[PDB]
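> Below you will find the structure I want to go over with you.
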Amino acid sequence: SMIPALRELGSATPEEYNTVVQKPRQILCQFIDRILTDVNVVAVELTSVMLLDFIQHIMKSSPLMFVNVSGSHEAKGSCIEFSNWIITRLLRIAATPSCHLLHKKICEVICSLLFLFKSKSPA
Amino acid sequence: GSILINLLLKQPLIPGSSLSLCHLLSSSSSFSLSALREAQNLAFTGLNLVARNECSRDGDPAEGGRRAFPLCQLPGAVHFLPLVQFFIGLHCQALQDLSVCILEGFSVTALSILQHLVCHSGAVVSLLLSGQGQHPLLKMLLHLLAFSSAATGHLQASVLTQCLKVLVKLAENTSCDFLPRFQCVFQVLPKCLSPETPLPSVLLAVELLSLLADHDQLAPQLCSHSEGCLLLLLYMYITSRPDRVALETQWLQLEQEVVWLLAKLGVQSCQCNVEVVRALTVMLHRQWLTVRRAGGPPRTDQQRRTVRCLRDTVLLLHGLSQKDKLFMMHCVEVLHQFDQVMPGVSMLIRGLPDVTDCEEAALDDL
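If you read the protein sequences in the order shown, they are chains A and B.
Using the working numbering, the letters of the first sequence map in sequence onto residues 277 to 399.
Using the working numbering, the letters of the second sequence map in sequence onto residues 1483 to 1848.
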């Protein structure tokens, strides 16, 4: 998506920043849904692993996409819901037996996301 | 718990003093030689219930919901509480009067037994849940704790610690609505923090202050006053240590409890707000010194805990860097002492494999 537009809030106010940033967050989401929709469609064999590495690297590269530094209190309810959707996709995988061996790949992204969340604020 | 019966019948929990739990049940010597013999018979009845130990079965599977993993709710425990009332509360009267030492020993033993019961039973807490003046033994305990801090006696030092610990352990498991009761402790707790109050009582104090920040009514209480805020007495005790013994492995514990409190206040989301940051800097240095001289990691678990308080201090100063954005204005005055400690601990934290990437960005700030 527009990772560069996601990096900077710019002219958008926090509430509009919510949408501007949710868009590419939603792109990562769409990528994740098909990836973790079925453990059988994509053999875990543990590339989805490339997508997970990209998700962790993306947490590092775009903390704003993962969580707003200002926090956007009102807006974040949505950022947190989106991260929870991603983590739901991941949990479905972690629920599967074959994907249970591929757990660490599911973790990497979520753990980096938690690091980012703490970085923006400990709460 | 079956262990709760063990604890009940055990050599004096308190080190020394010749205390017999069998005297906590059967001791000739509120007074008048009536109904206290009956209290002793009641202790015997609780022992009878205790023995069978039918309650402590299969890890208390019946209880559910709040207070999850509840110490097996014990009917016998509730029974023991009354004799304890004949004990602890009597000295409280002696306290009301302008000998006492003999009473104080029995009172301390009774408080210890009460601590065990509160910790390991789901009943004596149900008594706390009852509510006011209910749970009158708590009223007696609160009176004693407030007076204990006020007067500095060899008996006063310990009693304060014990009452505080009871309050704290109970407030832990209780619900939020049930913590609106413990609210009364907040007012009396202020005296406890001051150095004049027992150091062991000040540590339990720090613990209960963390707990306060956990409570919604206790939080505002921690920073409610325009002057002081009723907090930062704790910030001041770690920085300046009023103990002749001054064992190094106590101030680290105080500051570490306080640091857990701060991280908890953060997660949960005055001039007093300002003292926590500088005190955290000071502690970051203190924990830093012990490890720096020997070099390498901790040859002590308490030393590992000092290192944990170090990492937590860097992370908490980062949160504090994000907090009151204008961190520098209040920092500058202690800024030299803090700058000495920060970057070397940055190196040390980078050295350890465990340090987190989030703790690492915190570190990055300073």
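Quick reminder that beta carbons are idealized off the backbone N, C-alpha and C, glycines included.
1. Quick one: which chain B residues come within Cβ less than 7 Å of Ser-346(A)?
2. Compute the Euclidean distance between the alpha carbons of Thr-313(A) and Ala-371(A), then round it to the nearest angstrom.
3. Does the beta carbon of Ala-351(A) sit closer than 9 Å to a beta carbon anywhere in chain E?
4. Kindly indicate which three-state DSSP category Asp-1696(B) falls into: helix, strand or coil?
5. Compute the Euclidean distance between the alpha carbons of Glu-1689(B) and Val-1650(B), then round it to the nearest angstrom.
6. With three or more C-beta pairs closer than 8 Å as the rule, is the stretch 1753 to 1762 of chain B touching the stretch 1788 to 1808 of chain B?
7. From what residue to what residue does the alpha helix (DSSP H) around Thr-1763(B) run?
8. Of all the residues that make up the stretch 1732 to 1752 of chain B, which are near chain A by a beta-carbon distance shorter than 8 Å?
9. Tell me which residues share the same chain as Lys-1492(B) and place their Cβ nearer than 7 Å to its Cβ, disregarding the 5 neighbours each side in the sequence.
10. If the criterion is Cβ atoms closer than 9 Å, does the pair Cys-1601(B) and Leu-1623(B) meet it?
11. To the nearest angstrom, report how far apart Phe-342(A) and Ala-1687(B) are at their CA atoms.
12. Can you check which of these residues, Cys-305(A), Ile-303(A), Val-315(A), is closest to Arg-368(A) by C-alpha distance?
13. Tell me the start and end of each unbroken beta strand (DSSP E) in the stretch 1658 to 1729 of chain B that is at least 3 residues and wholly inside, in chain order.
14. Between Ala-1605(B) and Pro-1543(B), is the Cβ-Cβ spacing less than 9 Å?
15. Can you give, in chain order, each stretch of the alpha helix (DSSP H) that sits fully within the stretch 1507 to 1595 of chain B and has at least 4 residues?
16. Helix, strand or coil: how does DSSP classify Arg-310(A) here?
17. Since I believe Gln-298(A) is in contact with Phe-393(A) (beta carbons under 8 Å), could you give me their beta-carbon distance rounded to a whole number of angstroms?
18. Give a yes or no on whether 9 Å exceeds the smallest Cβ distance from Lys-336(A) to chain B.
19. What separation, rounded to the nearest whole angstrom, lies between the Cα atoms of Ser-277(A) and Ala-319(A)?
20. Report the start-end ranges of each alpha helix (DSSP H) in the stretch 1599 to 1637 of chain B that is 4 residues or longer and not cut off at the edges.
21. Mapping DSSP to helix, strand and coil, what is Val-1796(B)?
22. Does the structure place the stretch 381 to 395 of chain A close enough to the stretch 342 to 351 of chain A that three or more beta carbon pairs sit under 8 Å?
23. Which residues in chain B have a C-beta closer than 8 Å to the C-beta of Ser-397(A)? List them in chain order.
24. Taking C-alpha atoms, which residue in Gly-1826(B), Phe-1664(B), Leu-1743(B) lies nearest to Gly-1778(B)?
25. Between the alpha carbons of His-1697(B) and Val-1837(B), how many angstroms are there, rounded?
26. Taking only three categories from DSSP, how would you classify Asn-316(A)?
27. What residue from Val-296(A), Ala-288(A), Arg-301(A), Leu-282(A) has the CA that sits closest to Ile-356(A)'s CA?
28. Mind listing the chain B neighbours of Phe-391(A)? Cutoff is C-beta to C-beta under 9 Å, in chain order.
29. Is the stretch 1607 to 1623 of chain B in contact with the stretch 1505 to 1514 of chain B, if contact means three or more CB pairs nearer than 8 Å?
30. Grouping DSSP H, G and I as helix and E and B as strand, with all else coil, what is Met-1829(B)?
31. If we ignore side chains and look at the alpha-carbon of each, how far apart do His-1573(B) and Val-1560(B) end up?
32. From this set, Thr-295(A), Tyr-293(A), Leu-328(A), which residue's C-alpha is nearest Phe-307(A)'s C-alpha?
33. Have a look at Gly-1541(B) and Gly-1483(B) and give me their C-alpha separation to the nearest angstrom.
34. Going along chain B in order, which residues have a C-beta closer than 7 Å to the C-beta of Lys-394(A)?
35. Could you tell me if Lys-1647(B) is buried or exposed, where buried requires 16 or more neighbouring beta carbons within 10 angstroms of its beta carbon?
36. Under a CB-based cut-off of 9 Å, is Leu-1798(B) close to chain A?
Quick answer:
1. Reading the first sequence from its first residue, position 70 is the one you call residue 346(A). Residues of chain B with a Cβ closer than 7 Å to the Cβ of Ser-346(A) do not exist; the shortest Cβ-Cβ separation is about 11 Å.
2. Taking the first sequence and counting its residues from 1, one reaches residue 313(A) at position 37. Taking the first sequence and counting its residues from 1, one reaches residue 371(A) at position 95. The C-alpha of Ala-371(A) is placed about 12 Å away from the C-alpha of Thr-313(A).
3. Any reference to chain E falls outside this structure, whose protein chains are A and B.
4. Along the second sequence, one-based indexing puts residue 1696(B) at 214. The answer is helix: DSSP assigns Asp-1696(B) an H, G or I state.
5. For the purposes of this step, residue 1689(B) is identified with residue 207 of the second sequence, where counting begins at 1. For the purposes of this step, residue 1650(B) is identified with residue 168 of the second sequence, where counting begins at 1. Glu-1689(B) and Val-1650(B): Cα-Cα distance of roughly 8 Å.
6. Judged by Cβ distances under 8 Å, the stretch 1788 to 1808 of chain B makes contact with the stretch 1753 to 1762 of chain B, as three or more pairs qualify.
7. Taking the first residue of the second sequence as position 1, residue 1763(B) is located at position 281. Unbroken alpha helix (DSSP H) run through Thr-1763(B): 1754 to 1776.
8. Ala-1745, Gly-1748, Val-1749, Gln-1750, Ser-1751: these are the residues of the stretch 1732 to 1752 of chain B whose beta carbon lies less than 8 Å from some beta carbon of chain A, given in chain order.
9. As a first step, residue 1492(B) is located in the second sequence; it is residue number 10 there, counting from the start. Closer than 7 Å at the Cβ level, and outside the excluded window around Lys-1492(B), lie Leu-1503.
10. Reading the second sequence from its first residue, position 119 is the one you call residue 1601(B). Reading the second sequence from its first residue, position 141 is the one you call residue 1623(B). Not a contact, by the Cβ cut-off of 9 Å.
11. The residue labelled residue 342(A) in the question sits at position 66 within the first sequence. The residue labelled residue 1687(B) in the question sits at position 205 within the second sequence. In this structure, the CA atom of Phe-342(A) is about 39 Å from the CA atom of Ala-1687(B).
12. As a position in the first sequence, residue 368(A) is number 92, starting the count at 1. Of the listed residues, the one whose Cα sits closest to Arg-368(A) is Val-315(A).
13. As far as the stretch 1658 to 1729 of chain B is concerned, it has no whole beta strand (DSSP E) run of at least 3 residues.
14. Against the second sequence, residue 1605(B) aligns to sequence position 123. Against the second sequence, residue 1543(B) aligns to sequence position 61. It is not a contact, given that the beta carbons lie outside the stated cut-off.
15. DSSP runs (the alpha helix (DSSP H)) wholly in the stretch 1507 to 1595 of chain B: 1518 to 1534, 1557 to 1569, 1572 to 1578.
16. Translated into the one-based positions of the first sequence, residue 310(A) becomes position 34. Shown here, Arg-310(A) sits in a helix according to DSSP, grouped into three states.
17. Looking up residue 393(A) in the first sequence gives position 117. Looking up residue 298(A) in the first sequence gives position 22. Contact annotation, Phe-393(A) with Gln-298(A): C-beta distance approximately 16 Å; criterion of less than 8 Å not satisfied.
18. Here residue 336(A) refers to the residue found at position 60 when the first sequence is read from its first residue. Interface flag for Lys-336(A) against chain B is set, since a Cβ pair is found closer than 9 Å.
19. Residue numbering aside, residue 277(A) sits at position 1 when the first sequence is read from its first letter. Residue numbering aside, residue 319(A) sits at position 43 when the first sequence is read from its first letter. In a straight line, the C-alpha of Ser-277(A) is about 26 Å away from that of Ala-319(A).
20. Listed in chain order, they are 1606 to 1611, 1618 to 1632.
21. Position 314 of the second sequence, counting from 1, holds the residue named residue 1796(B). Reduced to three states, the DSSP call for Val-1796(B) is helix.
22. Touching, per the Cβ criterion.
23. Counting from one through the first sequence, the residue named residue 397(A) turns up at place 121. Neighbours of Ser-397(A) on chain B, chain order: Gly-1748, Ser-1751, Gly-1801, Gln-1804.
24. Residue mapping note: residue 1778(B) aligns to position 296 of the second sequence, counting from 1. Of the candidates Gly-1826(B), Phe-1664(B), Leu-1743(B), the one whose C-alpha sits nearest the C-alpha of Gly-1778(B) is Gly-1826(B).
25. For the purposes of this step, residue 1697(B) is identified with residue 215 of the second sequence, where counting begins at 1. For the purposes of this step, residue 1837(B) is identified with residue 355 of the second sequence, where counting begins at 1. Taking the CA atoms as reference points, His-1697(B) sits about 30 Å from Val-1837(B).
26. The count along the first sequence starts at 1 and reaches residue 316(A) at position 40. DSSP places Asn-316(A) in coil when its eight states are reduced to three.
27. Translated into the one-based positions of the first sequence, residue 356(A) becomes position 80. Comparing alpha carbon positions, the residue from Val-296(A), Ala-288(A), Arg-301(A), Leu-282(A) closest to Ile-356(A) is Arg-301(A).
28. Position 115 of the first sequence, counted from the start, is the residue given in the question as residue 391(A). The contacting residues are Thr-1838, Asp-1839, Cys-1840, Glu-1841, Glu-1842, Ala-1843.
29. Note that the stretch 1607 to 1623 of chain B does not touch the stretch 1505 to 1514 of chain B; fewer than 3 beta-carbon pairs, one per stretch, sit closer than 8 Å.
30. Locating residue 1829(B) in the second sequence gives position 347, where the first residue counts as 1. Of the three classes helix, strand and coil, the one that applies to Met-1829(B) here is helix, per DSSP.
31. Translated into positions along the second sequence, residue 1573(B) becomes position 91. Translated into positions along the second sequence, residue 1560(B) becomes position 78. Distance between the alpha carbons of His-1573(B) and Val-1560(B): 21 Å.
32. Counting from 1 along the first sequence, the entry for residue 307(A) is found at position 31. Answer by Cα proximity: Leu-328(A).
33. The count along the second sequence starts at 1 and reaches residue 1541(B) at position 59. The count along the second sequence starts at 1 and reaches residue 1483(B) at position 1. Within the model, the alpha-carbon separation for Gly-1541(B) versus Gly-1483(B) is close to 8 Å.
34. Numbered from its first residue, the first sequence carries residue 394(A) at position 118. Close to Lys-394(A), with beta-carbon spacing below 7 Å, are these residues of chain B in chain order: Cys-1840.
35. As a first step, residue 1647(B) must be located in the second sequence, where it is residue number 165. Buried, by the Cβ-count rule.
36. Looking up residue 1798(B) in the second sequence gives position 316. Under the Cβ distance rule, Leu-1798(B) counts among the residues neighbouring chain A, one pair being separated by less than 9 Å.
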